[PDB]
Amino acid sequence: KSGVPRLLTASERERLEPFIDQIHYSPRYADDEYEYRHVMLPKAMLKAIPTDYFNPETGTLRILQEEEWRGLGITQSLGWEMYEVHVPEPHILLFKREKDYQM
Amino acid sequence: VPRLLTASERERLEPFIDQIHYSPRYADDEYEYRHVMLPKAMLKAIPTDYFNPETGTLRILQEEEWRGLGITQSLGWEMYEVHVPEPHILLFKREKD
Amino acid sequence: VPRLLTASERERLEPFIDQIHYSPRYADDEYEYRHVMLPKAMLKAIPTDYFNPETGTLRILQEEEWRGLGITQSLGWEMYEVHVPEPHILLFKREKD
Amino acid sequence: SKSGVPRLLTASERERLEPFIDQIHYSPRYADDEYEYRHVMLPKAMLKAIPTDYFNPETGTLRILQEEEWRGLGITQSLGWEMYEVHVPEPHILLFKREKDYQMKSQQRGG
Ligand SMILES: [Cl-]
Ligand SMILES: [Cl-]
Ligand SMILES: [Cl-]
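Chains as they are written, first to last, in our numbering: chain X, 15 to 117; chain L, 936 to 1032; chain U, 936 to 1032; chain A, 118 to 228.
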């Protein structure tokens, strides 16, 4: 519960093993102090993932601790952390335009 | 093709225009940005067809669609949104210097 | 006829562009109103001939001129001023009776 | 200032203003939407005879005067006139305006 991982049962694991080999890792891109990368589960696997692993108000997966993502089949170093993109509040509209310089 | 607001729709928005806020403009290596903040009570008055069913928030509006809502600025500003990845995509970060 | 800035003057204003603030759009019977709040420190960078020695504020500016300062807005606005009368003139008004 | 207590002139004060009352010029009446306007121009010399506490320390103009006060100066006006004052915003503030647009040009059929 946002601190304690929820261990899979024996039957859930059997349902997941078939997909383990179909998991895809993308090349990492750098930044100031962060290496980034994304994991892609095949669309079919989502039907197998436990309901309590999904965020109710979004349909995506909730942030998972290490033992949780490893149980899904993902293999990675220890330092990796799962994060979420953050959408602004509904009353803030964003705009942008191509810059104009001087000379 | 934008879906223009109606007379009666625009009239229903009137009382809120007075309080729409505009931020300064900040810029990076190639783009310029700014945000507009609408009064919270105004969202209720907005026609549902201006919203994204999945997000439960306003969809991307064309020039004429945001002008309809009472927003004024150089018409060169283009709206955009920060979209969340598909469920089957997991995002990870790592310091490790 | 506008007094265009010099490349040397324009460059001096460059760092303030991101802090210029804009107010909401207000209206009345037949006009829309709005003000722009410049960063105080910026006033020291604006050319002398852009000021008004009668009050110490910026003289009325033409669109091209205020756009040359880093102010961005929609098409249509026109800058104005408040003219204070001399000590021998008193002003009166009454709710249209 | 929560104006309330009018500072009426004394007999001597008013007596000092008399040779000036004849020349007080009143402009025509103007009007917009909410109010009606009037500009009163008094002789420049009359200002030297006016009481110091009637002026404004900062702007050096006359301070807002209650009905009983300006009437005591010799300004003959009808009931309902209030003296107003214009205000200039701080130097870093610029003012802008423009004619309000909407479906306001009614035609004979289905505007
Ligand atoms: Cl506009
Ligand atoms: Cl703008
Ligand atoms: Cl004023």
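Think of the CB as a built atom: it goes at the ideal place given N, C-alpha and C, for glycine as much as any other residue.
| query | result |
| --- | --- |
| N- and C-terminal bounds of the alpha helix (DSSP H) containing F137 of chain A | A128 to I138 |
| Any non-hydrogen atom of ligand 2 within 8 angstroms of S1009 of chain L CB | yes |
| Secondary structure, beta strand (DSSP E): runs of 3+ residues fully inside the region 138-169 of chain A | 152-158 |
| Proximity test, Cβ basis, 9 angstroms: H970 of chain L and chain U | no |
| Range of the contiguous alpha helix (DSSP H) that encloses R188 of chain A | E184 to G189 |
| Nearest candidate by alpha-carbon position, reference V101 of chain X, set X:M59, X:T72 and X:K61 | X:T72 |
| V157 of chain A vs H142 of chain A beta-carbon contact at 9 angstroms | yes |
| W1012 of chain L Cβ short of 8 angstroms to ligand 2 heavy atom set | yes |
| Contact with chain A by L973 of chain U, beta-carbon distance below 9 angstroms | yes |
| Chain-ordered neighbours of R960 of chain U on chain L, where CB pairs are closer than 7 angstroms | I952 and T1007 |
| Min CB distance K15 of chain X to chain L below 9 angstroms | no |
| Partner residues on chain U for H956 of chain L, Cβ-Cβ distance less than 8 angstroms | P959 |
| Neighbour-count burial assignment, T983 of chain U, 16 or more Cβ in a 10 Å radius | exposed |
| Within chain A, partners of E944 of chain U - CB distance below 9 angstroms | The premise fails here: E944 of chain U is roughly 18 angstroms from chain A at the closest Cβ pair, so nothing lies under 9 angstroms. |
| Where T127 of chain A falls, given that 16 or more other Cβ within 10 Å makes a residue buried | exposed |
| Validate contact between the region 205-218 of chain A and the region 961-978 of chain U using beta carbons, cut 8 angstroms, 3 pairs | yes |
| For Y1015 of chain L, the first and last residue of its enclosing beta strand (DSSP E) | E1013 to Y1015 |
| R947 of chain L versus L:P959, L:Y966 and L:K979, residue with shortest Cα-Cα distance | L:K979 |
| Chain X within 9 angstroms of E949 of chain L, Cβ atoms only | no |
| Between the CA atoms of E949 of chain U and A148 of chain A - distance to the nearest angstrom | 44 angstroms |
| Under 7 angstroms from the C-beta of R1029 of chain U: neighbouring residues of chain A | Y152, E153, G197, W198 and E199 |
| Given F172 of chain A as reference, the closest of A:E202, A:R146, A:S144 and A:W198 once Cα atoms are compared | A:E202 |
| Interface positions of the region 972-996 of chain L facing chain X (Cβ-Cβ less than 7 angstroms), listed along the chain | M972, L973, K975, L978, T992 and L993 |
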